[PDB]
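Asks: So that we are looking at the same thing, I have put the structure below in structure tokens.
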Amino acid sequence: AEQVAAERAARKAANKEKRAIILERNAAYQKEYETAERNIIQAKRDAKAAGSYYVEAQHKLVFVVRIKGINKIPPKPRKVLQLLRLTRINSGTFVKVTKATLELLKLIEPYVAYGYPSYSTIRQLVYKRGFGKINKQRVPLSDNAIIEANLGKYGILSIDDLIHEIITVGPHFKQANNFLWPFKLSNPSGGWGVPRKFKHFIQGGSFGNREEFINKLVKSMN
Amino acid sequence: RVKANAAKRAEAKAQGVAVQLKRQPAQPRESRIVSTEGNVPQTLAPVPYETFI
Amino acid sequence: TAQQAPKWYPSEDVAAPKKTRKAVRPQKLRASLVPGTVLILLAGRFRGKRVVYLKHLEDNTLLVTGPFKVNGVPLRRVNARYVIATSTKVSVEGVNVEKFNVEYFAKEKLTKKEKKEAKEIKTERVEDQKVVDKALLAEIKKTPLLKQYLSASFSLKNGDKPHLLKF
Amino acid sequence: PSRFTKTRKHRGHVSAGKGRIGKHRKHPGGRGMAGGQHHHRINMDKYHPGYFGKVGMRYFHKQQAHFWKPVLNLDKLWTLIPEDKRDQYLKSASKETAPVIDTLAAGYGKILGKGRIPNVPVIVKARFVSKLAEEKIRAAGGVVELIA
Amino acid sequence: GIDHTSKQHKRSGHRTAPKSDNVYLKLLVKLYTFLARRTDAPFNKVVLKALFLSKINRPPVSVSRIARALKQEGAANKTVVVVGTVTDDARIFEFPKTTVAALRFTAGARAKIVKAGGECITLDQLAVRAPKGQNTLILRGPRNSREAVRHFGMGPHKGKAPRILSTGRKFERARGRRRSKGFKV
Amino acid sequence: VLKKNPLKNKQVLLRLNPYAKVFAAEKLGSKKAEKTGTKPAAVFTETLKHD
RNA sequence: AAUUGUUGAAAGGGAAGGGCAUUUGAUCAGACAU
RNA sequence: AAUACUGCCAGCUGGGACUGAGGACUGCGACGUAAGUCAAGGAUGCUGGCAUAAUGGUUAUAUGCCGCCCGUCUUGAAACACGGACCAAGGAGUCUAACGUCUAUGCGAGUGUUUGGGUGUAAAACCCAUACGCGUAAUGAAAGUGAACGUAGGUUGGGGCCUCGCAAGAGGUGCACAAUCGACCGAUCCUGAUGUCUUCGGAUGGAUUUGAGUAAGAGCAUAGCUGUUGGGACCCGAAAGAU
RNA sequence: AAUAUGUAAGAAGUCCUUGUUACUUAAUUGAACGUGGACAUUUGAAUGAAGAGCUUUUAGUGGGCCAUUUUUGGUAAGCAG
RNA sequence: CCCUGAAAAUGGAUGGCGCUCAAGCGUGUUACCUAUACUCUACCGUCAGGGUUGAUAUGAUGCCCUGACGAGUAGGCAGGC
């Protein structure tokens with residue numbers, strides 16, 4: 023196979039075109055995020071100016087991290103944790119928010135800390151602790167080629183494609199989140215901010231729906 | 108429901124559109140604006156304890 | 002036979018190491034090590050003595066001098082981490098430093114077979138020292154107590170807080 | 002052998018693979034077949050359902066020689082003809098020269114009718130023949146001639 | 002710790018390489034391992050996996066079974082593949098010419114096949130004749146008909162062939178088998 | 312062989328995300344939003360400051 | 001081997017023994033010498 | 001207007017600690033028109049001292065912290081529960097008859113030489129006739145009867161193969177196996193043909209009946225682990241009974 | 001009431017036509033099983049599936065104890081159930 | 001909150017010392033300490049998925065790549081001394 027130059031040129035051209043497509047898609051996604059957040063802010067401002075209240079839409083996804091160990095767990099919460107793939111003590115998973123998943127979270131309330139992650143939290147999670155599920159093996163999300171090989175069926179071509187399908191619950195969110203391996207997060211740097219974790223966050227504890235406060239905890243635990 | 112999905116699927120195929128035949132769990136409610144025209148909020152506070160016995 | 006020969010002898014050649022990627026960029030020196038700064042030696046033969054920083058040598062070392070007429074520290078090189086950079090700067094433009102490089106302090110190595118080292130200075134080195142120190146002494150003299158200061162040797166006194174002591 | 006036995010693997014283990022609570026005692030459930038109508042009843046009714054009791058009349062001084070009657074089916078009926086003559090007789094299907102098969106001399110008593118046979122005549126000599134075996138042989142074109 | 006949802010370190014449970022010191026069988030296993038590695042033909046995988054089966058798992062396929070398989074429409078000229086032993090059947094009389102490939106052939110079965118006009122082939126010759134198993138028909142002997150199987154799963158109202166040593170009127174057909182004596186199974 | 316973090320390694324960051332270069336060039340992380348001045352309604356302000 | 005004598009070393013405020021880690025004393029291999 | 005608070009930056013930058021796994025290139029990518037360079041699929045560069053008990057190992061000791069006596073019965077043992085003063089040697093799931101599952105092997109509708117004969121370099125090895133044992137036929141108490149309507153059947157799912165197709169898939173063939181509906185053999189209950197030692201024969205056709213059956217054989221023999229039974233039966237142990 | 005609990009959420013299905021029958025209906029009426037034809041990527045809610053299904057054989061065990069909650073006998077018990 | 005109610009036998013126990021705008025009680029916010037837990041890395045082993053015919057320093061039971069996992073009496077099996 024003395025002909026290597028043609029193969030190199032073809033591969034380089036294909037990679038250049040793929041990188042250009044990924045760049046244009048990421049630019050479109052950045053424009054979309056800016057447009058959505060600025061539209062939400064301006065809608066709030068306009069309602070307040072007109073004399074009303076703008077009730078934001080309920081968040082579409084949650085991030086759920088186990089907080090409890092593995093010993094002495096009742097069967098129903100244990101099974102729900104297994105179904106949410108929070109096997110280890112500090113594993114984490116994104117979950118679409120519907121009635122069924124809300125009931126799931128209510129069943130596993132005393133063993134998880136969950137909220138709605140921001141784009142910053144989601145992006146940092148995918149970049150640092152993003153791992154795939156190729157051939158039942160947990161491969162790291164090192165290059166966009168790995169993501170294109172498996173999720174090219176659904177149009178998820180890049181890691182930012184994956185982040186987009188995660189942040190905006192989309193047509194293939196189930197497939198994207200299933201492809202993402204359960205994140206193994208470290209303990210929160212600087213502690214949990216609480217003397218005792220095993221009370222609901224409302225009760226001055228750590229578990230339960232922390233909602234918007236989940237970002238700080240997840241960033242510390244990353 | 109089986110024949111209902113049959114009817115919707117036939118109609119969607121005739122009109123060349125997606126079927127979306129699956130049910131969906133209760134989705135989170137979308138964003139909406141609540142007016143105050145004749146609905147000024149009423150301030151509510153706890154009630155002090157008074158025995159009825 | 003006392004021990005049966007193994008079926009498989011491992012390969013005998015030495016495999017070359019892979020192409021490492023550790024290209025050397027020149028060392029960045031902290032801003033306090035401006036040439037012409039009065040430093041203090043914290044380790045070595047001349048520990049505690051104050052010297053003048055002249056040139057950053059080709060390798061990561063600092064060429065320093067007493068100047069030798071005061072406190073008897075000759076032209077040496079030291080390491081940045083082993084000196085403390087005071088704020089008593091002295092002008093250095095009056096001396097020539099291009100001659101002194103890494104090869105200038107070349108040690109004539111003696112093999113380990115000698116073992117008879119139980120019992129002199131280069132004349133070139135003594136003349137360079139006498140010219141550099143005589144060129145630096147005039148710069149030193151322009152300020153009141155710098156010569157006596159360089160003759161003195163640094164030493165922590167009781168109650169000193171190196172975390173709060175300015176330099 | 003004795004080196005592959007699990008006893009060698011059990012050296013160093015206190016109970017030697019026989020448990021700590023219910024140690025290997027002499028005979029906890031009685032000797033062999035003890036308590037068939039008793040504590041072993043569940044096993045003896047689950048795996049040997051028709052054991053206890055008696056069925057049928059007796060036969061004093063029964064001799065198996067009288068009952069000697071090995072059975073032979075038609076598919077195997079062509080085996081008693083020697084191998085080399087087999088194709089010669091199969092090819093030459095003739096009522097004039099159909100082969101004689103002495104099943105008794107071979108060692109069989111009864112000829113039964115399982116399977117088919119090629120459509121060639123054959124004189125079969127048999128102590129006993131089933132109805133269907135005789136029907137099949139006669140349909141093929143031979144004759145079942147009884148002997149003794 | 003891990004909330005283990007599956008039994009850890011459990012073996013796949015399937016035989017890999019035969020549990021036999023037959024050097025020639027090992028050679029065939031090596032050959033078809035290479036073929037299954039570097040060929041996308043599922044025939045290679047299935048024959049490699051069948052090379053491992055035990056004796057009770059490799060029932061002897063009869064030449065009568067061979068003929069019945071060849072009787073199938075569109076499979077008259079196919080090469081029959083048998084990972085096992087082919088046995089002579091003195092019940093059939095007309096046998097069709099074919100190329101039968103198997104590990105071991107009984108003397109009678111080999112004689113029958115060569116007399117019919119076809120030729121007997123060993124699995125290495127099969128590999129050199131059809132690397133991807135083209136025009137091949139895999140046969141298999143009957144598994145459920147061995148003597149030991151009839152006793153399996155015995156219980157009441159199952160009728161699974163009691164393990165009685167000596168069969169007779171007295172043995173294992175008294176009370177518990179007929180309604181007059183006790184009950185019925 | 313090794314897992315290099317995109318966040319703390321600019322090289323692998325640019326590998327994973329081609330948009331990172333133009334993002335840094337345009338300083339989109341500290342974008343200056345346009346200043347639009349609208350005032351909340353007196354009803355809202357009174358309801359906020361109400362007992 | 002249990003057990004005992006002498007010599008030598010060491011420790012020892014109502015047990016001795018042990019694990020992790022090092023100071024101290026005694027003792028010791030390998031490698032540059034290629 | 002600022003600031004506090006919260007949040008973001010694919011903003012910059014300083015100090016510290018641990019790690020250096022891999023070993024020709026391959027891949028992704030960045031800077032450069034380019035050559036090439038690079039922090040880009042895991043450490044390199046420069047320098048110093050020692051080159052021997054210096055590092056390290058072993059051992060004794062000190063110090064800091066931890067450390068209950070082992071085996072056994074037990075829900076629970078350090079137990080104020082039992083055995084153990086110490087040491088050397090001996091010391092406890094073996095063998096056999098019959099076997100169950102699984103596995104290896106030889107032959108395979110056959111299989112098993114070794115009861116015996118022949119032979120022998122002599123308890124070895126080699127050869128062999130006739131039978132018998134098991135299997136190729138089951139069922140019934142027994143008399144007895146005794147397994148193809150058919151391409152050894154129909155339906156469903158089937159690995160694999162074949163045909164078409166770039167593939168997705170479609171069609172054909174579909175062994176093994178699984179479910180089911182039938183056919184046949186036997187038994188039980190029925191129906192009772194030709195006929196006739198006129199009381200014998202049981203043709204044909206049925207049954208929410210059942211049998212350890214047939215439905216193009218799968219067994220025999222040897223060896224092995226495990227398990228079962230009788231044997232002293234894993235080792236040691238009675239009060240007793242008899243001659 | 002709460003907690004627990006059964007079933008279903010399709011391909012072994014649905015729709016159209018017409019076949020078999022000794023069952024059934026006054027009647028091809030109906031019942032069961034069928035021939036042929038039609039369906040899509042959402043093939044009939046969510047989540048997860050670490051492979052799914054199946055077989056043989058066999059060990060030890062068959063003295064239990066405690067904690068939250070419900071609860072019986074008892075005044076109660078480191079009581080008994 | 002404190003005091004009386006408040007009596008048991010060897011000397012004695014917020015663990016001890018001891019503590020009084022506490023080192024007590026109630027509450028709030030930070031900082032900090034450390035498990036064989038969590039995160040990353042190395043190594044050992046196991047399991048699983050794979051690559052490798054090229055003559056072969058041979059041996060395909062060999063070499064190599066990827067991922068996850070590792071507690072345990074009775075007991076089972078395997079590899080070994």
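Here the protein sequences come in this chain order: LI, LV, LH, Lc, LS and LF.
The deposited numbering applies: residue 23 is where the first sequence begins, and numbers increase by one.
The deposited numbering applies: residue 108 is where the second sequence begins, and numbers increase by one.
With the deposited numbering applied, the third sequence corresponds to residues 2 to 120, 129 to 176, in that order.
The deposited numbering applies: residue 2 is where the fourth sequence begins, and numbers increase by one.
The deposited numbering applies: residue 2 is where the fifth sequence begins, and numbers increase by one.
The deposited numbering applies: residue 312 is where the sixth sequence begins, and numbers increase by one.
A virtual CB, placed ideally from N, CA and C, is assigned to each residue, including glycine.
1) How many angstroms separate the CA atom of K241(LI) from the CA atom of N316(LF)?
2) Check whether the Cβ atoms of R178(LS) and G51(Lc) lie closer than 8 Å to each other.
3) Are the CB atoms of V64(LS) and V81(LS) nearer to each other than 8 Å?
4) Per DSSP, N74(Lc) is paired with what?
5) Quick one: give me the first and last residue of the alpha helix (DSSP H) that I63(LI) is part of.
6) Give me the DSSP bridge partner(s) of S162(LH).
7) Would you say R47(LI) and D182(LI) are within 8 Å of each other, going by their C-beta atoms?
8) Below 8 Å, how does it come out for the stretch 69-85 of chain LH and the stretch 22-36 of chain Lc: are there three or more Cβ pairs, yes or no?
9) If you drop the 5 nearest sequence neighbours on each side, which residues of the same chain put their C-beta closer than 7 Å to that of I82(Lc)?
10) Could you check whether the Cβ of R170(LS) sits closer than 8 Å to any Cβ belonging to chain Lc?
11) In terms of alpha-carbon separation, which member of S208(LI), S228(LI), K38(LI) and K118(LI) lies closest to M243(LI)?
12) Any Cβ of chain Lc within less than 8 Å of the Cβ of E148(LS)?
13) Taking the beta carbon of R66(LS) as the centre, do at least 16 other beta carbons fall within 10 Å, making it buried, or is it exposed?
14) Give me the chain LI residues within the contact set of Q134(LV), using Cβ-Cβ distance strictly less than 9 Å, ordered along the chain.
15) By the 10 Å Cβ neighbour count, where 16 or more other Cβ atoms means buried, how is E24(LI) classified, buried or exposed?
16) Span of the alpha helix (DSSP H) holding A171(LI)?
17) Check distances from the C-beta atoms of the stretch 46-79 of chain LS to those of chain Lc and list, in chain order, the residues that come in under 8 Å.
18) Find the residues of chain LI that neighbour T143(LV), judging by a C-beta separation of less than 7 Å, and give them in chain order.
19) Quick one: list the residues of chain LS neighbouring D46(Lc), beta-carbon separation under 8 Å, in chain order.
20) Closer than 7 Å by beta-carbon distance: list the chain LV residues that pair up with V323(LF), in chain order.
21) Among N237(LI), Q197(LI) and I168(LI), which residue has its Cα nearest to the Cα of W214(LI)?
22) Any idea if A18(LS) is buried or exposed, counting beta-carbon neighbours within 10 angstroms, 16 or more meaning buried?
23) Using a Cβ-Cβ cutoff of less than 7 Å, which residues in the same chain neighbour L29(LS) once the five nearest sequence positions on both sides are dropped?
24) Determine, using beta carbons only, whether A335(LF) comes closer than 8 Å to chain LI.
25) Pull up the distance between the alpha-carbon of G95(LH) and that of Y105(LH), whole angstroms please.
26) So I3(LS) and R110(LI) are supposed to be a Cβ contact under 8 Å. How far apart are they, rounded?
27) Does the stretch 48-68 of chain Lc come close enough to the stretch 158-168 of chain LS that 3 or more CB-CB pairs lie under 8 Å?
28) Rounded to whole angstroms, what's the CA-CA distance from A111(LV) to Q131(LV)? Just pull it up for me.
29) Tell me the rounded alpha-carbon separation between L113(Lc) and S181(LS).
30) Would you please state the rounded distance, in angstroms, between the beta carbons of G110(Lc) and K70(Lc)? I believe it to be under 8 Å.
31) What does the alpha-carbon distance come out to for the pair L155(LH) and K332(LF)?
32) Closest to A86(LH) by C-alpha separation, out of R26(LH), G37(LH) and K120(LH), would be which residue?
33) Does the stretch 123-138 of chain LI come close enough to the stretch 84-93 of chain LI to have 3 or more Cβ pairs within less than 8 Å?
34) Between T115(LI) and chain LS, is the shortest Cβ-Cβ distance under 8 Å, so that the two count as touching?
35) Quick check on the DSSP output: the alpha helix (DSSP H) that includes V64(LS) runs from which residue to which?
36) From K196(LI) to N157(LI), what does the alpha carbon distance come to, in whole angstroms?
Replies: Straight from the coordinates:
1) Position 219 of the first sequence, counted from the start, is the residue given in the question as residue 241(LI). Position 5 of the sixth sequence, counted from the start, is the residue given in the question as residue 316(LF). In this structure, the straight-line span from the alpha carbon of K241(LI) to that of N316(LF) is close to 15 Å.
2) By one-based count along the fifth sequence, residue 178(LS) stands at place 177. By one-based count along the fourth sequence, residue 51(Lc) stands at place 50. Between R178(LS) and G51(Lc), the CB-CB gap stays under 8 Å.
3) For this step, residue 64(LS) is matched to residue 63 along the fifth sequence. For this step, residue 81(LS) is matched to residue 80 along the fifth sequence. The Cβ atoms of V64(LS) and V81(LS) do not sit closer than 8 Å to each other.
4) In the fourth sequence, residue 74(Lc) corresponds to position 73, counting from 1. Bridge pairing for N74(Lc): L113(Lc) [DSSP].
5) On the first sequence, residue 63(LI) is found 41 positions in, with the first residue counted as 1. Per DSSP, the unbroken alpha helix (DSSP H) holding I63(LI) starts and ends at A27 to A72.
6) Position 153 of the third sequence, counted from the first residue, corresponds to residue 162(LH). Looking at the DSSP output, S162(LH) shares a beta bridge with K50(LH).
7) In the first sequence, the residue the question calls residue 47(LI) occupies position 25. In the first sequence, the residue the question calls residue 182(LI) occupies position 160. Their beta carbons are under 8 Å apart, which means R47(LI) touches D182(LI) by this criterion.
8) The stretch 69-85 of chain LH makes no contact with the stretch 22-36 of chain Lc; the number of CB pairs closer than 8 Å stays below 3.
9) Along the fourth sequence, read from residue 1 onward, the residue named residue 82(Lc) stands at position 81. Same-chain partners within the cutoff: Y90, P100 and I102.
10) By one-based count along the fifth sequence, residue 170(LS) stands at place 169. It does: the Cβ of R170(LS) has a partner Cβ on chain Lc nearer than 8 Å.
11) In the first sequence, the residue the question calls residue 243(LI) occupies position 221. Nearest option by C-alpha distance: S208(LI).
12) Numbered from 1 along the fifth sequence, position 147 holds the residue referred to as residue 148(LS). No, its Cβ sits nowhere closer than 8 Å to a Cβ of chain Lc.
13) Counted from its first residue, the fifth sequence places residue 66(LS) at position 65. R66(LS) comes out buried.
14) Locating residue 134(LV) in the second sequence gives position 27, where the first residue counts as 1. In chain order: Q80, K82, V119, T120 and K121.
15) One-based indexing of the first sequence puts residue 24(LI) at position 2. Around the Cβ of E24(LI), a 10 Å sphere holds fewer than 16 other Cβ atoms; the residue is exposed.
16) As a position in the first sequence, residue 171(LI) is number 149, starting the count at 1. Where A171(LI) is concerned, the enclosing alpha helix (DSSP H) stretches over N166 to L173.
17) Listed by position along the chain: nothing, the set is empty.
18) Residue 143(LV) sits at position 36 when you count from the first residue of the second sequence. Within chain LI, the residues near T143(LV) are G73 and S74.
19) The residue labelled residue 46(Lc) in the question sits at position 45 within the fourth sequence. For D46(Lc), the chain LS residues whose C-beta falls within less than 8 Å of its own C-beta are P157 and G177, listed in chain order.
20) Mapped onto the sixth sequence, residue 323(LF) falls at position 12. Against chain LV, a Cβ distance below 7 Å from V323(LF) picks out nothing, because the smallest value is about 36 Å.
21) Numbered from 1 along the first sequence, position 192 holds the residue referred to as residue 214(LI). Out of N237(LI), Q197(LI) and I168(LI), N237(LI) has the C-alpha closest to the C-alpha of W214(LI).
22) Reading the fifth sequence from its first residue, position 17 is the one you call residue 18(LS). Answer is exposed; the Cβ neighbour count stays below 16.
23) The residue given as residue 29(LS) occupies position 28 in the fifth sequence. The beta carbon of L29(LS) is closer than 7 Å to those of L52, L124 and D125 in its chain, skipping five residues each way along the sequence.
24) On the sixth sequence, residue 335(LF) is found 24 positions in, with the first residue counted as 1. Residue contact check for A335(LF) against chain LI: no CB pair falls below 8 Å.
25) Looking up residue 95(LH) in the third sequence gives position 94. Looking up residue 105(LH) in the third sequence gives position 104. Their backbone Cα atoms lie some 21 Å apart in a straight line.
26) The residue you call residue 3(LS) lines up with position 2 of the fifth sequence. The residue you call residue 110(LI) lines up with position 88 of the first sequence. Indeed, because the Cβ distance is near 6 Å, the residues count as touching under 8 Å.
27) The stretch 158-168 of chain LS makes contact with the stretch 48-68 of chain Lc: 3 or more CB pairs, one atom from each, lie closer than 8 Å.
28) Walking along the second sequence from the start, residue 111(LV) turns up at place 4. Walking along the second sequence from the start, residue 131(LV) turns up at place 24. Cα-Cα distance, rounded: 16 Å.
29) Indexing the fourth sequence from 1 puts residue 113(Lc) at position 112. Indexing the fifth sequence from 1 puts residue 181(LS) at position 180. Computed Cα separation, rounded: 34 Å.
30) For the purposes of this step, residue 110(Lc) is taken as the residue at position 109 of the fourth sequence. For the purposes of this step, residue 70(Lc) is taken as the residue at position 69 of the fourth sequence. In this structure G110(Lc) touches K70(Lc) by the C-beta definition: roughly 4 Å separates them, less than 8 Å.
31) What you label residue 155(LH) is simply residue 146 of the third sequence in a count that begins at 1. What you label residue 332(LF) is simply residue 21 of the sixth sequence in a count that begins at 1. About 52 Å.
32) By 1-based counting over the third sequence, the position of residue 86(LH) is 85. Closest option to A86(LH), Cα to Cα, is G37(LH).
33) Verdict: yes, contact present.
34) Mapped onto the first sequence, residue 115(LI) falls at position 93. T115(LI) does not count as touching chain LS.
35) Numbered from 1 along the fifth sequence, position 63 holds the residue referred to as residue 64(LS). Counted as a single uninterrupted DSSP element, the alpha helix (DSSP H) harbouring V64(LS) occupies residues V64 to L71.
36) As a first step, residue 196(LI) must be located in the first sequence, where it is residue number 174. As a first step, residue 157(LI) must be located in the first sequence, where it is residue number 135. C-alpha separation (whole angstroms): 18 Å.
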